[PDB]
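Step one of this worksheet: look at the structure below.
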Amino acid sequence: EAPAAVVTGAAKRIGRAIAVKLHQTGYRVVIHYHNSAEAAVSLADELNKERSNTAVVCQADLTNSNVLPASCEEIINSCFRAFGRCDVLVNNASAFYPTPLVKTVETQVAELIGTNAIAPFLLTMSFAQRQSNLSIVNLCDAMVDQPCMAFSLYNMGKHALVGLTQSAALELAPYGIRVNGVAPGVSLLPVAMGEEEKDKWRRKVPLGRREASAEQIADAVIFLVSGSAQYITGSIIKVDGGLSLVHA
Amino acid sequence: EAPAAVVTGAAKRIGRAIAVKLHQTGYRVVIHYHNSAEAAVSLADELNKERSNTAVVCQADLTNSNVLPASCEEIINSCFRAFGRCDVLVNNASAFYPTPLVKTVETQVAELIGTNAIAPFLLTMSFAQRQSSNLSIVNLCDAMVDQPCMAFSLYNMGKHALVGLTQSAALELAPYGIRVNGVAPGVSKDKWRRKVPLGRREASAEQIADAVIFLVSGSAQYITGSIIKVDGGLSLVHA
Amino acid sequence: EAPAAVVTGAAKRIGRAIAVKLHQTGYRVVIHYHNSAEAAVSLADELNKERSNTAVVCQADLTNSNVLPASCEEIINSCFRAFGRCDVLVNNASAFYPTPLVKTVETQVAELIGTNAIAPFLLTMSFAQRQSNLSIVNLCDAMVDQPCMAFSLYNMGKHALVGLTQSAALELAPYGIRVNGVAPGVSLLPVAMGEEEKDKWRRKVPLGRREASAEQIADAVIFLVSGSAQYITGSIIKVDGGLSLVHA
Amino acid sequence: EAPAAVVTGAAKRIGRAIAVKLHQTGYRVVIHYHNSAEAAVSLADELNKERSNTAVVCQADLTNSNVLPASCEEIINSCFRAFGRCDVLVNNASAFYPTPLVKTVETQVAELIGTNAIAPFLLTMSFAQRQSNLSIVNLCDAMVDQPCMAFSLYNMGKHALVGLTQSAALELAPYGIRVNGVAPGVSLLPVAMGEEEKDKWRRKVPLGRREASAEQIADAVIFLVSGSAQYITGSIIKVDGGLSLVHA
Ligand SMILES: NC(=O)c1ccc[n+]([C@@H]2O[C@H](COP(=O)([O-])OP(=O)(O)OC[C@H]3O[C@@H](n4cnc5c(N)ncnc54)[C@H](OP(=O)(O)O)[C@@H]3O)[C@@H](O)[C@H]2O)c1
Ligand SMILES: NC(=O)c1ccc[n+]([C@@H]2O[C@H](COP(=O)([O-])OP(=O)(O)OC[C@H]3O[C@@H](n4cnc5c(N)ncnc54)[C@H](OP(=O)(O)O)[C@@H]3O)[C@@H](O)[C@H]2O)c1
Ligand SMILES: NC(=O)c1ccc[n+]([C@@H]2O[C@H](COP(=O)([O-])OP(=O)(O)OC[C@H]3O[C@@H](n4cnc5c(N)ncnc54)[C@H](OP(=O)(O)O)[C@@H]3O)[C@@H](O)[C@H]2O)c1
Ligand SMILES: NC(=O)c1ccc[n+]([C@@H]2O[C@H](COP(=O)([O-])OP(=O)(O)OC[C@H]3O[C@@H](n4cnc5c(N)ncnc54)[C@H](OP(=O)(O)O)[C@@H]3O)[C@@H](O)[C@H]2O)c1
Ligand SMILES: NC1=N[C@@H](c2ccc([N+](=O)[O-])cc2)N(c2ccc(Cl)c(Cl)c2)C(N)=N1
């Protein structure tokens with residue numbers, strides 16, 4: 001059989017491009033989504049028209065809560081119920097917004113630490129418990145050590161995720177499960193953000209003065225789950241066009 | 001008058017050494033304690049014999065809950081009530097235990113992420129909100145963050161998150177004159193002692209406290225976003 | 001129309017596996033060597049048997065000295081003379097031996113800092129001066145923050161190479177030249193090392209209790225030079241089986 | 001009697017503030033200088049005025065060459081000749097100038113890698129070979145991972161100095177010698193810089209929008225050599241007012 005992958009937050013943007021590229025590489029995919037129900041089903045539609053019975057969707061809120069363990073368990077079970085196996089997990093889903101030090105605070109903690117770190121941890125536990133080229137890829141952030149002003153909790157979540165990547169690589173290595181991260185710099189800039197602000201960011205990037213395409217991010221995920229990365233674990237590949245090297 | 005410090009988890013071990021040493025330097029201190037009332041009060045007793053009314057205790061569970069925010073605001077308020085000011089926050093309290101990937105898990109999260117990272121973040125917000133002054137926060141980090149103990153995932157995540165906080169907070173609070181730094185102990189088992197380059201022994205708590213003292217001093221007035229390792233070289237030793 | 005690559009120290013072990021895998025991907029190769037003439041020629045003969053006129057050898061000492069600049073310029077020149085172009089430089093050649101703080105020391109400096117850091121810098125200058133998927137890959141070391149006892153100069157050269165990787169990424173990005181590193185852990189243990197000591201090192205590797213093959217290192221090099229790594233620069237991929245995550 | 005320290009490049013700016021504060025703290029000091037003969041001699045005068053026989057000068061070029069080991073050996077020898085002991089080495093001397101990838105190149109290598117890295121290594125070997133609270137402090141660079149463009153060789157020298165810090169910390173620990181670093185951001189801007197340009201660097205510094213005074217860098221050095229730092233070795237304290245945290 002074809003291997004199977006779970007991609008969290010795969011309805012739009014980078015997670016979609018990852019799901020598509022794994023699909024094109026011959027994976028069956030679980031497309032997880034939270035709110036983007038239309039975009040999820042439609043993507044699964046396109047993929048199933050390319051090969052029947054090779055994409056399903058799965059809805060879950062990945063905010064931290066006393067039911068988060070069961071939703072993460074459920075995401076993983078969805079892959080085994082659809083495909084009989086689960087080879088790859090890509091932790092892509094992520095909340096992003098300011099939490100100035102100077103939504104209630106408990107809800108921000110719940111969404112920014114929950115989605116960025118606790119859900120990846122619970123998903124990793126269930127993926128491991130339900131188990132060959134097994135691997136987990138976490139989408140980290142190339143700018144973790146030069147953070148955006150007023151994004152403390154997002155930054156805390158992404159650092160926690162680097163910690164999980166290292167801890168899990170070490171603890172799951174004996175079972176043959178590799179864990180690695182991909183750390184984008186600036187990739188798809190929200191059309192939400194304006195055009196002048198968009199160009200401000202583009203100008204900062206050494207390699208081409210442009211943001212990464214979603215495809216460029218997905219290419220590095222594909223390498224890490226590939227047979228070419230069989231000895232790579234605990235590694236985080238930056239895909240940032242040199243942005244993390246530029247001083248203030 | 002004299003500056004004032006909050007130290008979390010101050011009843012015992014490293015938090016105690018920090019509270020004593022800040023007190024010897026002339027700080028008034030809040031000794032925060034969860035379960036250790038007797039030890040906290042005994043220490044406040046000792047400090048107030050040295051100088052009257054320079055040490056109060058403050059009870060709070062720093063588990064993450066819907067009440068954590070209120071608990072953290074109260075720790076900071078304790079200091080302003082007792083002393084009229086709060087110059088230093090030392091985020092020392094911390095839960096430590098394994099969480100194998102292969103207590104409910106959500107209880108482990110509330111303690112290992114709540115105590116180690118979320119309470120520091122909420123205390124930092126309260127400290128800053130409530131503000132020749134010398135304001136600083138010092139976070140107790142871990143020198144072994146990049147070579148973690150097997151099966152210590154959540155703890156390791158919490159300490160990494162604390163490093164992120166240290167950096168984000170240093171950047172955001174710098175305009176307010178508040179410095180934010182970290183101290184990362186190693187071992188502070190003869191297996192362990194023997195691995196340590198510098199003299200085959202664990203640090204004393206007092207050696208941890210010495211680095212804290214430096215970071216709060218006027219000798220460290222340009223330092224922020226820095227994490228001083230106090231590990232006797234342990235993190236440099238390969239497998 | 002085939003691109004061309006220089007691999008330094010290409011006659012044996014990891015540099016040989018890199019040259020072979022670049023060749024297999026369609027590159028013409030300069031096989032640089034120092035002392036290993038027979039192994040170098042024999043590799044070029046094999047590659048040229050596969051595809052005529054696709055491999056040449058180039059002899060040079062990469063120790064630091066007043067002639068090192070001209071040697072490095074000639075290595076690069078040899079690629080343009082043989083193939084009309086030079087698209088990839090792999091800085092793989094490296095001396096390694098102890099230098100206790102407690103050969104003259106200046107020869108040890110010349111060899112450990114020259115081969116490991118200064119020759120890379122001079123090659124990178126020549127490569128960029130003589131200039132499309134252009135990229136340089138430096139072979140770094142995953143254990144650079146937990147160094148071997150009494151290897152100060154080696155460790156200094158490898159840290160200097162990290163700095164070069166970062167500096168040259170930033171400065172060559174505007175010319176579209178990407179610069180990245182591959183940091184092995186333990187790979188291809190010396191055939192001469194007694195099996196009981198090899199075992200000590202293998203035992204420490206979480207992923208599989210085995211050293212990497214040379215080909216596993218080469219796989220990461222192939223990724224970085226490929227069209228899939230087009231937005232990656234200033235990155236260093238560790239290929240170490242999780243060894244740098246293991247505490248003492 | 002009083003402990004003794006060597007400070008390299010101590011005639012002016014940061015190394016002077018370090019020699020002063022060491023002396024204020026009770027040390028006898030060797031003020032190493034290269035060209036700054038007037039300033040060196042003047043400083044030792046001020047110090048000896050305050051406590052007789054507590055300061056000597058020692059001239060040396062710290063460029064890499066086949067005589068660099070003898071000069072480093074002599075700097076340390078001068079301390080033993082003047083004071084009978086040598087407790088502290090501060091590696092502060094350093095060249096800094098552009099070396100664009102696109103003075104011969106071999107002279108740049110000798111000065112930028114020699115002063116920043118090789119001389120510290122050789123000084124370290126001499127210090128250790130010649131041997132209460134023994135310690136070495138290397139002056140590193142907070143910006144080493146976000147380098148100034150066109151400063152490759154300087155950046156390579158500073159990264160090498162970090163490696164030396166760690167390698168020597170590990171190797172010299174069993175002899176009771178601690179090795180640590182202090183990494184300034186921007187400190188004491190030169191008067192040879194435009195109002196415009198000084199304000200450019202100043203505006204970036206989060207903590208007070210101002211460079212460090214030399215005194216602020218010396219303060220950290222004092223701490224690492226003090227008995228309050230007896231368990232600290234292998235550590236590098238950034239003294240940069242937050243500058244390394246600021247993104248592009
Ligand atoms: N984009 C960049 O330039 C960049 C830079 C650095 C790092 N990254 C990392 O790369 C990854 C993908 O980036 P992106 O820009 O594609 O991210 P994105 O568009 O912000 O969001 C990814 C998905 O996360 C899901 N999500 C958000 N909150 C959730 C919750 N409470 N429960 C469940 N799912 C939730 C959303 O799914 P629904 O739409 O179904 O609600 C969303 O589609 C992220 O991990 C990000 O932090 C990206
Ligand atoms: N000791 C080491 O070798 C070492 C190594 C690496 C890092 N560190 C870091 O150094 C710091 C101090 O270490 P230590 O060994 O002194 O730590 P510790 O003895 O385990 O604990 C510090 C204090 O934290 C408090 N604490 C724990 N859970 C709490 C909760 N849910 N609510 C409120 N308070 C809670 C406890 O207070 P009560 O007793 O009042 O209940 C405890 O006495 C920690 O941040 C730690 O991770 C230490
Ligand atoms: N193998 C590992 O586990 C490992 C671990 C960490 C890092 N690395 C890095 O990976 C790269 C490849 O490693 P390896 O184990 O294959 O290395 P290797 O066997 O030690 O040697 C690489 C080649 O370097 C060339 N070389 C050495 N000194 C030279 C000089 N003065 N001038 C010119 N060339 C010289 C030699 O060419 P000739 O044979 O023709 O004389 C040698 O065969 C190196 O940069 C190494 O530091 C390897
Ligand atoms: N200032 C900053 O903002 C900053 C930022 C990052 C790092 N640093 C580091 O902190 C340390 C001191 O900084 P600084 O700005 O005071 O540096 P500085 O003014 O540039 O120079 C320090 C001294 O090193 C000596 N030196 C230069 N070339 C030499 C050679 N060939 N032989 C012997 N000595 C030589 C010079 O001595 P003579 O004058 O006697 O010739 C010079 O006074 C340096 O290691 C520097 O890299 C400083
Ligand atoms: N340049 C370089 N060379 C190799 C190396 C050292 C010794 C031998 N040997 O004796 O055959 C081979 C490679 N090397 C290395 C060092 C230790 C080990 Cl265990 C291995 Cl596999 C390679 C390294 N890091 N750099």
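Order determines the names: the first chain of the structure tokens is A, the second B, and so forth; residues in each chain are numbered 1 upward, and ligands are numbered 1 upward as they are shown.
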Distance cut-off 9 Å, counting only C-alpha atoms - which residues of chain D neighbour chain C? Return them as an MDAnalysis selection string. chainID D and resid 64:69 100:102 105:106 109 117:118 121:122 124:126 128:129 144:153 155:164 166:168 170:172
Running DSSP on the backbone, which parts of stretch 49-238 of chain D land in strand (DSSP E), as a VMD selection string? chain D and resid 55 to 59 88 to 91 134 to 139 177 to 184 236 to 238
Can you tell me how far atom CA of residue B:135 sits from atom CA of residue B:160, in Å to one decimal?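 Between atom CA of residue B:135 and atom CA of residue B:160 the gap is 23.7 Å.
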Proximal residues of chain C relative to chain B (only C-alpha atoms; 6 Å) as a PyMOL selection string: chain C and resi 146+245-248
Selected residues written out, N, CA and C atoms, as a short mmCIF file (atom, residue, chain, number, x, y, z; two decimals), in the first residue's frame:
```cif
data_model
loop_
_atom_site.label_atom_id
_atom_site.label_comp_id
_atom_site.auth_asym_id
_atom_site.auth_seq_id
_atom_site.Cartn_x
_atom_site.Cartn_y
_atom_site.Cartn_z
N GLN C 146 29.89 20.36 21.66
CA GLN C 146 30.29 19.42 22.70
C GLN C 146 31.58 18.79 22.20
N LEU C 245 22.13 15.34 20.57
CA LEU C 245 21.10 15.59 21.59
C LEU C 245 21.38 14.80 22.85
N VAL C 246 22.41 13.95 22.82
CA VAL C 246 22.61 13.01 23.92
C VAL C 246 23.50 13.67 24.97
N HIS C 247 23.02 13.76 26.22
CA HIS C 247 23.81 14.34 27.29
C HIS C 247 24.88 13.33 27.74
N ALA C 248 25.93 13.83 28.40
CA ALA C 248 27.05 13.08 28.96
C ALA C 248 26.58 11.97 29.92
#
```
Quick one: of A:99, A:48, A:116, A:226, who's nearest to residue B:172, counting only C-alpha atoms?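 Closest candidate: A:99.
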Quick one: residues within 7 Å of residue B:112, only C-alpha atoms counted, chain neighbours fewer than 6 positions away excluded, as a PyMOL selection string? chain B and resi 95-96+154-155+158
Those same residues, written as a tab-separated table (two decimals), in the first residue's frame with N, CA and C atoms?
```
chain	number	residue	atom	x	y	z
B	95	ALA	N	8.24	22.65	38.59
B	95	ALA	CA	7.93	21.23	38.73
B	95	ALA	C	8.86	20.46	37.84
B	96	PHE	N	9.24	19.26	38.28
B	96	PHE	CA	10.22	18.50	37.51
B	96	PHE	C	9.91	17.01	37.67
B	154	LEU	N	7.76	17.26	28.47
B	154	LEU	CA	7.00	18.45	28.84
B	154	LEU	C	7.86	19.40	29.65
B	155	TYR	N	8.69	18.83	30.50
B	155	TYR	CA	9.55	19.68	31.28
B	155	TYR	C	10.44	20.44	30.30
B	158	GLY	N	8.66	23.23	28.58
B	158	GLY	CA	8.43	24.31	29.52
B	158	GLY	C	9.70	25.16	29.65
```
Between atom CA of residue A:208 and atom CA of residue C:176, what is the spacing in Å? 7.3 Å
Residues within 10 Å of residue D:17, only C-alpha atoms, excluding chain neighbours under 5 positions, as a ChimeraX atom specification: /D:10-12,22-23,213-219
